[PDB]
**Q** 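Mind looking over this structure? Questions follow.
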Amino acid sequence: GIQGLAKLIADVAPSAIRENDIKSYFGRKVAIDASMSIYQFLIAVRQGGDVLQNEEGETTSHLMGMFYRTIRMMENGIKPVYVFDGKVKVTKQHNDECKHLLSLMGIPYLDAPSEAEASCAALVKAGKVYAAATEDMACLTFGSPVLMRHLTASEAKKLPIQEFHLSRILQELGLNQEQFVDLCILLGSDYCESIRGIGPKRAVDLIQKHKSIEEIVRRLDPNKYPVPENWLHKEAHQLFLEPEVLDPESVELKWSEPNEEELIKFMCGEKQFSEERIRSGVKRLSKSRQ
DNA sequence: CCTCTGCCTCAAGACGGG
DNA sequence: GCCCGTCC
DNA sequence: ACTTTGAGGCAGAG
Ligand SMILES: [K+]
């Protein structure tokens, strides 16, 4: 994520956030970070202090969450493509099992060379999907034209679906993508440190005036705002600006009919899900394809 | 105003019966 | 609708 | 990660 970026946009560029009804997204395609969704299911889907599992002790919380959340999206007319991270722990077995489930459900997935969010952003840039459905605002820093929050949130949570439009953010802040990347570094990114004493108000002001972190460092008073030693801001800038990403043209994205017979063998025979519940889910999925 | 830091509170997936 | 036990 | 974890809201110092 980017520390304080969503709050900043709401505070200073609220017109960049559009809130629309779920019905308005019927038929839209979205990219989703599979690795993060697996991680979240391992945390959320718990019983008695442990993940759901079959009698052999093999985890199934990830399968449970992926199976029903995907069906709910398709019931809303939203077609997801899942993006797996490239180069509580998400294991290779978790990924392989979720990929197997997705293939049997007829849901496309892709392997990112590196960051899943950056490859999600690349898919939106190429027009392959409408938006990245994520809470990670760094997807904007990777250049995603549209980010959508709370798309999969249950109705009970009463969280409105929010579209963040990158072009509007840049227009309101008066910045280009390169300057926006430097601003996100000053706000606080996973890749490198931020300058102590420089928060969201001063970072926006300094980026608008000086236009680059390099220029900012020269202008700043070293005594008042010392930078961290061996600051990797040039490296982080490059990771956001030119990330290693998949080729959106490489793989054709297709949503196909689920394979109920194989889903029963895998989810019920092996993973010991209730057959009644799996068949009910498959029927909802088939109905949503209409 | 602005940015910390420390203290605090509470959500964290989906389903289905009542 | 919500509450809350259960899912595996 | 619910016999825990962590993100965010708040108040006040500097
Ligand atoms: K800082």
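Any value given below was found using the heavy atoms of this structure, including those in side chains, with hydrogens, waters and symmetry copies removed. A, B, ... follow the sequence lines: proteins, then strands. Residue 1 opens every chain.
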**Q** Can you check whether A:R284 has a side-chain N or O nearer than 4.0 Å to OP1 or OP2 of B:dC15?
**A**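 A:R284 to B:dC15 OP1/OP2: side-chain N or O found under 4.0 Å.
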**Q** Do A:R72 and A:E75 meet the salt-bridge criterion of a basic N to acidic O distance under 4.0 Å?
**A**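 Not counted as a salt bridge, because no side-chain N and carboxylate O are separated by less than 4.0 Å.
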**Q** Could you check D:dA7 and say if its sugar is north or south from the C1'-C2'-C3'-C4' sign?
**A**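 South (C2'-endo side).
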**Q** Name the orientation class of the two ring planes belonging to A:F142 and A:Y191 (parallel below 30°, tilted from 30 to 60°, perpendicular beyond 60°).
**A**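 It falls in the perpendicular class, over 60°.
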**Q** Using a heavy-atom cut-off of 4.0 Å across all strands, would you classify A:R69 as base, sugar-phosphate, or nothing?
**A**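 Sugar-phosphate only.
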**Q** For A:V45 and for A:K158, find the nucleotide of DNA chain C with the closest heavy atom, then tell me which residue's nucleotide is more 5'.
**A**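 Nearest-nucleotide comparison on DNA chain C picks A:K158.
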**Q** With a 4.5 Å cut-off on side-chain heavy atoms, are A:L183 and A:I2 touching?
**A**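 Answer no - side chains too far apart.
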**Q** Between protein and nucleic acid, restricted to nucleotides 3-7 of chain B and to nitrogen or oxygen atoms under 3.5 Å apart, what atom pairs and distances do you find?
**A**
residue, atom, partner, partner atom, Å
B:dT3, OP1, A:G199, N, 2.8
B:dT3, OP1, A:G199, O, 3.1
B:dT3, OP1, A:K201, N, 3.4
B:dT3, OP1, A:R202, N, 2.8
B:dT3, OP2, A:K201, N, 3.2
B:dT3, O5', A:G199, N, 3.4
B:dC4, OP1, A:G197, N, 2.7
B:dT5, OP1, A:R196, NH1, 2.4
B:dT5, OP1, A:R196, NH2, 3.3

**Q** For A:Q47 and D:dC2, give me the distance from atom CD to atom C1', rounded to whole Å.
**A**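 Rounded to whole Å, this separation is 11 Å.
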**Q** Once you apply a heavy-atom cut-off of 4.0 Å, does A:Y225 come out as touching a base, just sugar-phosphate, or nothing?
**A**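 Since no nucleic acid heavy atom lies under 4.0 Å of A:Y225, the category is nothing.
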**Q** Take atom CG of A:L63 and atom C1' of B:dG13, then tell me their distance rounded to the nearest Å.
**A**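 From A:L63 CG to B:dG13 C1': 14 Å.
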**Q** Would you mind checking if A:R279 and A:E260 are paired as a salt bridge, meaning a charged N to carboxylate O distance below 4.0 Å?
**A**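 Salt bridge: yes.
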**Q** How about A:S103 and A:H100: does a side-chain donor come under 3.5 Å of a side-chain acceptor?
**A**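 Judged by distance alone, the side chains do not pair up.
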**Q** Out of B:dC15, D:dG8, B:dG13, which has the shortest distance to the side chain of A:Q3?
**A**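 Output: D:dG8.
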**Q** Could you label the plane-to-plane angle of the A:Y109 and A:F84 rings as parallel, tilted or perpendicular, counting under 30° as parallel and over 60° as perpendicular?
**A**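 Answer is perpendicular, since the angle exceeds 60°.
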**Q** When both hydrogen-bonding distances must be under 3.5 Å and the geometry is Watson-Crick or G-U wobble, what is B:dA11 paired with, if anything?
**A**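 Per the H-bond distance test, D:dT5.
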**Q** Under 4.5 Å between any side-chain heavy atoms of A:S286 and A:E257, yes or no?
**A**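 Of all side-chain heavy-atom pairs linking A:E257 with A:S286, at least one is under 4.5 Å.
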**Q** Using heavy atoms and a sub-4.0 Å distance, could you list which residues of residues 263-281 of chain A are near DNA chain C? By number, please.
**A**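 The stretch gives A:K271, A:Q272, A:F273, A:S274, A:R277 as the residues lying under 4.0 Å from the strand, ordered by number.
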**Q** Let's see if you can work this out: which of B:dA12, C:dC8, B:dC15 has an atom nearest to the side-chain heavy atoms of A:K157?
**A**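 Looking only at heavy atoms from C-beta outward on A:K157, the closest nucleotide is B:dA12.
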**Q** When the distance from CD1 of A:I71 to P of B:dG13 is rounded to whole Å, what number comes out?
**A**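 Atom-to-atom, A:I71 to B:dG13, this comes out as 17 Å.
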**Q** Closest approach to the side chain of A:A44, judged atom by atom: which nucleotide of B:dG13, C:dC7, D:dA1 is it?
**A**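 Looking only at side-chain atoms, A:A44 lies closest to B:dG13.
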**Q** How many whole angstroms separate atom CG of A:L285 from atom P of B:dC15?
**A**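 To the nearest whole Å, that distance equals 13 Å.
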**Q** Taking the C1' atom in each of C:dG5 and D:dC2, what is the distance between them to the nearest angstrom?
**A**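 Comparing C1' positions in C:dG5 and D:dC2 gives a spacing of 15 Å.
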**Q** Whole angstroms only, please: what is the CZ-P distance between A:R72 and B:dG13?
**A**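 From A:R72 CZ to B:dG13 P: 11 Å.
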**Q** Is any side-chain heavy atom of A:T70 closer than 4.5 Å to one of A:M105?
**A**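 Yes; the side chains approach each other to less than 4.5 Å.
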**Q** Taking only the P atom of each, what is the distance from B:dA12 to C:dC3 in whole angstrom?
**A**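 B:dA12 and C:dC3 have their P atoms separated by 14 Å.
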**Q** Looking across every strand, which nucleic acid part, if any, lies under 4.0 Å from A:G49 by heavy atom: base, sugar-phosphate, or nothing?
**A**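 Here A:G49 touches the backbone only, sparing every base.
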**Q** B:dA12 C1' sits how many Å from A:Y39 OH, rounded?
**A**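 For the pair A:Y39 OH and B:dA12 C1', the rounded distance is 11 Å.
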**Q** Could you check whether A:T134 and A:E117, counting side-chain N and O atoms only, form a donor-acceptor pair closer than 3.5 Å?
**A**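 Note: A:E117 and A:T134 side chains meet the donor-acceptor criterion.
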**Q** Could you give the CG-to-P distance, from A:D11 to D:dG9, as a whole number of Å?
**A**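 From A:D11 CG to D:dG9 P: 10 Å.
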**Q** What's the gap between C:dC4 and B:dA11 when it is taken at their P atoms, as a whole Å value?
**A**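 My reading of the P atoms in C:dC4 and B:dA11 gives 13 Å.
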**Q** Assess, by modelled atom type and distance only, whether the side chains of A:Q162 and A:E19 contain a donor and an acceptor separated by less than 3.5 Å.
**A**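 A:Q162 vs A:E19: donor-acceptor pair found between side chains.
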**Q** Taking the six-membered ring for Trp, are the ring centroids of A:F67 and A:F273 within less than 6.0 Å of each other?
**A**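 That pair fails the under 6.0 Å test.
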**Q** What interatomic distance, in whole Å, is found between P of B:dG16 and the corresponding atom of D:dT3?
**A**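 The answer is 26 Å between these two P atoms.
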**Q** What is the distance, rounded to the nearest whole Å, between atom CZ of A:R46 and atom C1' of D:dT4?
**A**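 Atom CZ in A:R46 sits about 9 Å away from atom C1' in D:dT4.
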